[PDB]
Each structure stands twice: as structure tokens, then as C-alpha cells.
């Protein structure tokens, strides 16, 4: 009882910055890229790893050499061959400073030889420690043991690009008219702020197992709008936010359609550490003391989000030694008194309060959390803090964070791979992902001496120390560990509710009748 049509409409939640995987860093972007392109390895509905462009792979016993065997007859959507040269080209372009990739640092996380030096402009991109041993053998050379390397390769930043096309056309290769990819789908249409339309890529190596023939991604920013369209039956899966007010109702009324995936994600307010006055540790500490997490998780959202005071989710692999900081165990009244003293010491008063804006991406749930935070900060400090809200469109919000044009910004980080360092690495001084501009050489040293570590206990202790240092510096304001609530029509199959990264590959779905 497979449906005859096999069409699906999904809310992607925003207009993506770009379809170039080297120019982007967000979930709307990766969701698109993952339909059009495929890296060495990919995943099933529960996030378990399965062959992608590589049909086979192995590692040396020291976990430093990774050899990928590519498919000898695999073709790009235009019929050009997919070779290890495309991977060499793409990974070089990622770390090349002229690309200005937001995820430039990702191959540094993988410990690829010379990756950090290329990022720092000290070596040329061609000096990166990856190679096409022949057209269908791609080898990756790491300077330290990286036993979790395969899982890293599934990330959008490590997707290959069609070298011959990109070289001919430059950055104009991403135009719908020119876009060539090696994933299960290709672009049929793109209307800015409205819809992206996908069609089968018939040259996909695994096209014979693809079931969905076509799909539409919408760009609905507000969960209530999302939910109304679902109810009208004009889309089949919502994005991963739902209205907290409607939620208990939706669960019972639309029983079996409400999915809630426990995800490897942390929601935070990021403090601009190099802008006055958030360069003052004392002020960063005040904000942390005075913000009640349980108010947001329990009363503003109440969907299963759990309160947290560290960046790494402690339930991630090798995260188990990370401790919640001591102040989180103190009464709020004790916390609030400390915050007021600190703010008074920094020269704030009811007459002259600490004034700043929360920047967030347009989204009613974010607005709700911002209003609560603003509200808690004023009341909890008896008028020493006065907060405004600045909402921006997704692309504009990303540009602002990246450019440092913010005081405090809503921030979500979802694991790029199921191991602690996907969070740990974010806060390195030199990480291209560090929009906080947090910099502590003791943090960097804690993480650096972890890559050397040979067993999981040793790595786990270093990550606990890194967290303790970020904690004492009050680098950001962690709030909660994510849950991913979505509505999914009963006739949509292949969505598990068990993928810790909550990826959606069209090629994993099918419609039943």
C-alpha cells in the first residue's frame, strides 16, 4: 500500500543563506544540501551510518589513516564522473581562507595534517593531508588519533563538489540553472522566501531505492503558522518547533503524529566576549546567576527541554564527566543577590541600568523565550538590567552574529557528530564557529591535550576540564538541552523520532496509502 504519487511537503523553517555547503553553517542549509549532495558516508532514519559516495573504507590501527573506496561508475547529476579528485578539491576549498567558510575549522577538528596551518594562511590549500591515491581512492591523513572520524564525514561541510563545474563557473555554480550534485535529488525550482522544489536525480548511484519522486521545502518561520498549514493539510512535516500553548492539546488530539526527538543540542544566549561590557567576566557572571532556566524549560516551553548550565550535553558520548556548575544548585535568591552586587560593582543602578538587545531569528517561540529572559533579568536584579528584543530574518541574524554586530544573541548548537568534541571544539580561540569571540588559552590547551589521549576515560576528563574553564569564564549563558517537537502526517513513513541529529533525508521517506 505504497501511495502512487510519492510527493511530500516539509517546512524547512527559513530561507537558506546559500546552497553552497562551504558558505553556510545552519540547519535550513544542510537540510537542502543533504538532498542535492552526498559525502563519503551518510545515515539511515535513526542516524546510523551507511555507505555514501564511498562503498567501503578502513583505518590503520592507530586511527590516523582513513582510506575511502569510491564507486567506480558513480556520476554527478550532469554525467561527469565522481572521483576522489572532487573530494580533494572540495576539502581544500573548505579550509582555503579565500572561501571564508564558516565551517573552515571542521577539518582541524578531524586533525587532518596541515588543516590548521592552511586556515591560518601558513600553508597553501594544496598542502592539506588528503589525496587521491587514484581516481577512486581518497585517503585522509590525521596527525592525532580520531577513532570517531567516519561519523565526522557525514557533515554538510565535507560534501564533495563538482570540481569541473565549480572551476568553470566559480561561485555562480550554485545557481539552480547550473547546480550539479551527487545526492538523491536535484533542484526543480527555487522561489525566494516561498518554496524549494526537488525532483529525483536519476544518476544518483542509489536512485533505485529512492521512493519520494518530488518534494517541496517551505520557509515558514513561526510554529503556529507551521501548525495551521499542517492542520489544513497543506504540509506533511513541520519544522522542529511547536507552539508551547497548543502542545498538550496537539499531543492528545493528533495522537501518533506528534514526534519528540531527544537531540544532541544546546540552546544558549551567546555573549559577545570582545564588546563592552560583555568583555567583563563579572557582568557575564551576573547574567548567568540571575537567569532561571527552569522558568523557560517548564513554564515558557514545557515540551521536554531540560535545563543546563554547560554547553556540551552531558548525555553525549564521552560527556559523562562534565559537571553542572555549583551555582546552579543555589537558591535563586542567593543567586540574585550575588548578581545585583556584581552589577552594582560594575556601576549599574535602577537609574542607569545595564541596557542591551537580545538578537534572535524571527520565530515566535524565540520571541517568547527572549521576553521571559528580559523579564527575569529586570525583575531578578530589581531594575539593574533593561533588555530590548531585536528580531532579524535567518540569513541576517547569521550575518550579524558572525560579524559581531550583537550584544547578546540566541544560539542553538546541534551536534555535527555524536562525540563531545563537536561542542568542545566550538569554543577554541581559533574556531571559525566561535561567534562569541571567547578566547582562553587554558581552554584551548585542555582540548589540545585531549586529541593525544588514547582511551575514552582520558578524553572524557579533558572535556570535563574544558567545560569547567568555560564555566568559570561565564563565556556564554547555556539555557537548555533540546528536544525536537514535530508534527508528521500518519501517511509519512521513514521518520524515526530516534535520530540524535534529527536529519531528514528525502531518500529515507515514503508515503503509504
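Residue numbers count along the first chain shown, from 1.
Chemist: Averaged over C-alpha atoms, is the B-factor higher for 295-303 or for 199-207 in this PDB entry?
Modeler: Mean C-alpha B-factor is greater for 295-303.
Chemist: Could you check 139, 385, 180, 128 and tell me which one carries the biggest Cα B-factor in the deposited entry?
Modeler: Answer, based on the entry's C-alpha B-factors: 385.
Chemist: Which is it among 236, 80, 226, 86: the one with the largest CA B-factor in the entry?
Modeler: Comparing C-alpha B-factors across 236, 80, 226, 86, the maximum falls on 226.
Chemist: Sort the modelled residues of this chain by their C-alpha B factor and say whether residue 454 lands in the lowest, middle or highest third.
Modeler: It falls in the top third of the chain.
Chemist: Which third, lowest, middle or highest, does the CA B-factor of residue 256 fall in along this chain?
Modeler: Highest third of the chain for residue 256's C-alpha B-factor.
Chemist: Relative to the other modelled residues in the chain, which third contains the C-alpha temperature factor of residue 340: lowest, middle or highest?
Modeler: As the PDB entry reports it, the C-alpha B-factor of residue 340 lands in the highest third of its chain.
Chemist: In terms of the chain's CA B-factor thirds, is residue 488 lowest, middle or highest?
Modeler: For residue 488, whose C-alpha B-factor we compare with every modelled residue in the chain, the answer is the middle third.
Chemist: Among all modelled residues of this chain, ranked by Cα B factor, put residue 143 in the bottom, middle or top third, i.e. lowest, middle or highest.
Modeler: It belongs to the middle third of the chain when residues are ordered by C-alpha B-factor.
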